[PDB]
Each structure stands twice: as C-alpha cells, then as structure tokens.
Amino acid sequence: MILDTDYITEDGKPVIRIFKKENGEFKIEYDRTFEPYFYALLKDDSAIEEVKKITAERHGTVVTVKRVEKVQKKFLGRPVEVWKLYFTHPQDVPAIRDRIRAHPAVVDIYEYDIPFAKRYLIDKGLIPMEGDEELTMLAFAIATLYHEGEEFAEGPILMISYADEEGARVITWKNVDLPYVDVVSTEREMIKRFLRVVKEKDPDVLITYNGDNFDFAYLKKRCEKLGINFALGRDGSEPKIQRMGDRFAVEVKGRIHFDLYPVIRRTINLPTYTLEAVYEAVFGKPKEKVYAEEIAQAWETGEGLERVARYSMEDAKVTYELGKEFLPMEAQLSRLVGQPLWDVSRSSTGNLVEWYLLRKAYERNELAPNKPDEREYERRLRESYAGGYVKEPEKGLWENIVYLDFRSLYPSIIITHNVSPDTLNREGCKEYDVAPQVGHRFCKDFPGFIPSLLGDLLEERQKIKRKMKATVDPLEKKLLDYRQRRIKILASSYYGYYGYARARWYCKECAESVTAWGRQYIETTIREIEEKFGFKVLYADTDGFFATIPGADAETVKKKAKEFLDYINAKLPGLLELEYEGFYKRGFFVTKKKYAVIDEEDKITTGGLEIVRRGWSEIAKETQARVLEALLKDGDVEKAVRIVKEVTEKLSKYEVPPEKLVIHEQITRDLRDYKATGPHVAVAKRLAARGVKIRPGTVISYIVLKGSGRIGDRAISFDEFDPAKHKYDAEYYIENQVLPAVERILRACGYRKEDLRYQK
C-alpha cells in the first residue's frame, strides 16, 4: 500500500520518497531517476537549439536545459508535435519557464506547474491506498489555558489526550485522580511524553479534528517557547505547515495526518460543525462540551478538573471512532482520484477532478491544457451563463405529495450528449448533438475525454448504493449513504469544473449546454406529468420536483406516480432517469428554495428554512419548529397560531430565558474591510477595541437589548449580558425574530392572520 509520496534534495538532485506499508512494515522507497520536465510548442524545429541555450537562476543555482526530446501527442484530441524539455531539479522549472515561453519561436508551454510528487504518481501509474494492508491509527487532541485578549498559544497546553484500539488516555501536569490520566510535573514533560507515545505506537495515521488550524499550530508555538524538538515524523522531522489557497494544513512525514474537519464539513449537512454535533449526528449519542472558561477556572482554582479530563479524554476517543468510520470512504476517494489521502481529503472538488484528469490525460498521451494566465482568468470570471430551472411555488398546504428527481442529471447529460471541450464544434464531424438555446454542437463520432470517464464514477456510486440497501446495520448503512453522496457530488462537480475559472479543461460552452439540457429535461418531465397524468407540479428546482394529484388519496397518487415514471423513463433517452424519491402526506412551499414536507413516519424535512441557518435566535427556531409540526403533522392551523401567540406573550412579559435570544453570526473578514456595519460587526468592533482578538471565522454571539438607536447600537456580546443591568428588547425579538420566521410560513399555507402577535 502506497501511503504518500514527496521529494527531498540530496546534493542538488531530487530524490522521490515513496512512503509505503508492506507486510505490516513501514518502508521508504527512494527513486533518484525521475527527471522533471515540461513541454514546448515550437514555431519551427530549427529553433530548438536556441531554446536549449536559455538559462535562468534560482537561489544561487544556474538553471539550464538538460535534454530535449521531440514527442507526438494530442491536444484536445488533435495531433500535435511538441518538445519535451528535461531538467535536473523540479525547482528549475518555475525559474526558467517564463523565459522559455518568452522566446519568439515558442508558441506556448505546457505541464510546467504540476508538483513533482504528484507528477511521479501519475507518470508511474501508481495509485495510493491500494491493497489489504491494515493501517494503524492514533487520534489526539489538546486542551489549553485560554484568557481573553492574549496572543495565540500565550498560555500553556494543559492536557494532551490520545486514543486508539487500546483505549483513550490523558497526559497532564496537574494531579487528576482518574485511571486514564497520566500525571507529569511540567508542560514540557507532558509534550515530550506525548512525543514518546507516538514514537512507540508508530501509527500510520494521526487523526485530529481541526488539527490543521489549532492543535498542531498550538503545539508548534509551545515547542518553540520550551525548546522542544517535536519530532513526530517517521524521518525525525517536525510537523510541517502547508498552505492551499486561503486554507492551512499540517503534514507529518511518513504518516497520514487525517484531519476530520474538512472531511465531515462536506460529507454531512449540519447547522454547526463542533466535534460534539458531529459525533451525535454520526453515532446517535450526545457528547458533553466543556468550554474554555470552565477549563481555565478548573485549572486555576484546582477544583473540578476531573470533568475537564473527561472532556479531554472523550475528545480523543470520539475522534478515533470518527476517524475509523470515515477512513474507508476517504481511502476509496484517494484510489478514485489517484492522489494521497492527505491531499484528497483536503483538496477542493476542482482539484479532485483535475488531478484525475491529469492522470487520465497522461494515460492517453493527451497534452494537458494550462491553468489560465491573469487576463484569461479575469475574462472567465466575468462571463456567466444560465443555470437550473426554478419554479415559483404553488401556495397552500398540500397533501399526498411525491418528489421525483433525476438520478444524476448533469453527469447523465454529459455522457449522453458527449459534452466535452474536445467534442465542441468539431470539424468534419459526422453526427453531433446541438444543445438547446445555446446552440453548441457536440460531436458524437468518438466519446469525449470527460464523458468517457464519468460512466465509471457513476457505476462506483451505484455499487455503493446497492451495498447500502443490502446492509441492515444502521451505522454501516448511514456511512455508505454518506459515501454514495460524496461520489454523486464529485461526479456532478464535473459540470461545475467546466465553469470554474481556474480549470485546465475549462469549457463555458460545455457548462451552459449542460444546464440548458437540464432545464429542457426537467421542463419535459413537468409538462408530461401534468398533461398525460393530470398531476399538479407544486415546486421544482434544477433536477427534481414536488407533485400531486389534487383531491386524490394517497394510494392513487402513489399508483399514478409509478405509472408516470414507467412512461417518462421510456421517453427519456440515454442515461437520463427519473426516480421515485419519496412520498409525503403534507407539505408547503414558502418561496423558491424554501419548503417543508413530512413523510408517513411523521419525519419533517425542510429546505432553506430558518431552523437551520445562522443569525436566528433559538426562540425563533424553536417556535418555527413547533409551527412546522402543528401544520404538517397535526394539520392544525389554530394550534400553530396559538403557539405564536403564547411565544410572543412570553417575550412581552419577559418570561423567555435570555439564553434563547442569543444570535450567532460569523465575521468573514478583517474588521477594516467591512463597508457596512451591522449588529454583529458593531459588536465585533467593540470587542476588538477592548483587546479581544477578532479574526475571520470568529462567531459573534450577541443579544439585542432594549435601548435606543439602530439594532447594532442595542446589541451587546452575550458573554457580557447581566440580567441585573440589562433588559432585552422584547419588541425586537417578536417583530424581527419570531414573527418573520412564522408569518411567511402561515401565509404560504393560505392563512394570513392579522393579529398573530400578542397584544399589538
């Protein structure tokens, strides 16, 4: 099993390191024969001798062309003749590529910015994470001493916990009487003890939750202050911080640092992504959270540290269990993309596509297009195109609703209509498909590059969807459901890649052709179900719609829906397939992107509602949730109205706990870059002026008090709320929080109650 690859430099020459696990043993395979290269398209063959003499410099090293070789390749399927330029070191290429491209006889250069380690795995046909080798894993977490206004890692680390199959333990330098706690005397001794534990256990995988941003950076800073060599790497190196765009990540040489946060963030849909919320969503069990202030109080007074040590232990325990569950999913994606799990688990879906395209292009001797330069990138950013079809929803509380959607609308269109940059407006093409409205022609004579790849990806998803249905175990079934959804989004991300400005295989004509065909197909299914089966489509968005037969009972709606599915699937061509998603006994559709339905098990699913979003207080979400249940489950409009009257009366009489009035909103930039100052920005600016560290990602938790001025003038951070001096704004939480969250819902059901609120 190949775990990872990188390169080092020995005496000026690059040495590829292949990190492997074979027969239960970690091994490093070295390759000193791999030469970096890129391609040059020349105006005339005779200029190659002048191109060979181009030189450059980098860090005191004179860069020259080592060897050139003429090769026959394809570019978007058409034969091309380019020169392969070899170099000694991969760092030579960035230093010299601009001067080579600037030569008057050089038309363009290609494949000049592919990282040396990824170039090696592609050109050698090597796939990570293959085989039956069992990987050893170890999760860890830290607890720190925090005080408001201090620099990052100004206070010491208090606890370091870890967990594997042998259990979970905590290392700390204060006496805590728990059997899983190991006590040392100083923070330095605890760090060095943790370093020892990792050395003796020698795990292949280090699991964290947000270790890319907090744990490793905190450990790093503390190790510099204490003079500790944090030699976590299998080659004796320290963890290395890396940067991708605006995100940071930490690698440990010879191992796989598996940070679960970017994995869970795009695998599960949750309102918040705390470790406690993630563990509860996956395993169905709650996890207690102990906050930084209680940790500091327990450590500094010495009272109540067992609770802190239990929280620290459970942090490591649930991180190991989560990592164990999600490793197989990310291992498969690593095999599918063809890049190490460290990169695949963190990289954007654009690179998940492009890294695979680069590998398949190499297998087919297809020259890769370049990432755009500054002018082309800006031009792609400005241009846009039409997207999915969204229908204005029908008002009212409807009954006996079916939701029908396409299995994989955009990948199906790409394959069926052969939508690819190498098939667009192809000369001398015999048979082609013309996209509606946008009019682009896609050749059908030969399968396009990208269409020829999506079919296998879709089948991999159907394989997981089959194993999911055949698995009775609820946890294993849920994990497979997470897995098949990741593959579905990855495949559909091929359409978005077509419109992504940084894409090598960018194709705006391809992107708007896919959406145009998508709009045509959903409008076709909508027209057919209404005309031929007497259905009424209530709401539709991009690849699915809600429909019913007005006045019919549940059995008739169900029976006629399957009949229509047989009818429409016979008509729909290629890979397009409409599916029976589910039946719902009641539902309403507030606006576009806003709806709520309930199945025959009384389970309420919603879309785009306030119960999920940030910026809404608990009293508003709770009241909305109770109104949803009263309308959907009980069908009782008078009960829903009664609930609103009771909640607004409780607010007017100050009987609602102020904890239910906290509003959480995230700061997304430096406070200087805000052009308008709203409630959460005004609070953040007031906090920062007092020494509180405000950074992008900081969540502001405020409450609106009775006072004067704008809402921002009345809002204060909830951590400073004192019920002895502060009285909250009851009129605000009624008129701006509770009422907007229920009034649109009740109106969408056809009930515009004048005096919903208590008194006024």
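All residue numbers are counted from 1 along the displayed sequence.
Averaged over their C-alpha atoms, the temperature factors of 99-107 and 505-513 are higher for 99-107.
For the two regions 416-424 and 378-386, the entry's Cα B-factors average higher over 378-386. Considering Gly678, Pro411, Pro573, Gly125 together, the PDB entry gives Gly678 the largest C-alpha B factor. Within the listed group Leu145, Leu85, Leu457, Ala117, the record reports its top CA B-factor for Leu457. Ranked within its chain, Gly712 lands in the middle third, by CA B factor from the PDB record. The entry lists a Cα temperature factor for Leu756 that places it in the highest third of the chain's modelled residues.
For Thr55, the recorded CA B-factor ranks within the middle third of the chain. Only modelled residues enter the ranking. In this PDB entry, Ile667 carries a Cα temperature factor that places it within the highest third of its chain's modelled residues. Ranked within its chain, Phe38 lands in the lowest third, by CA B factor from the PDB record.
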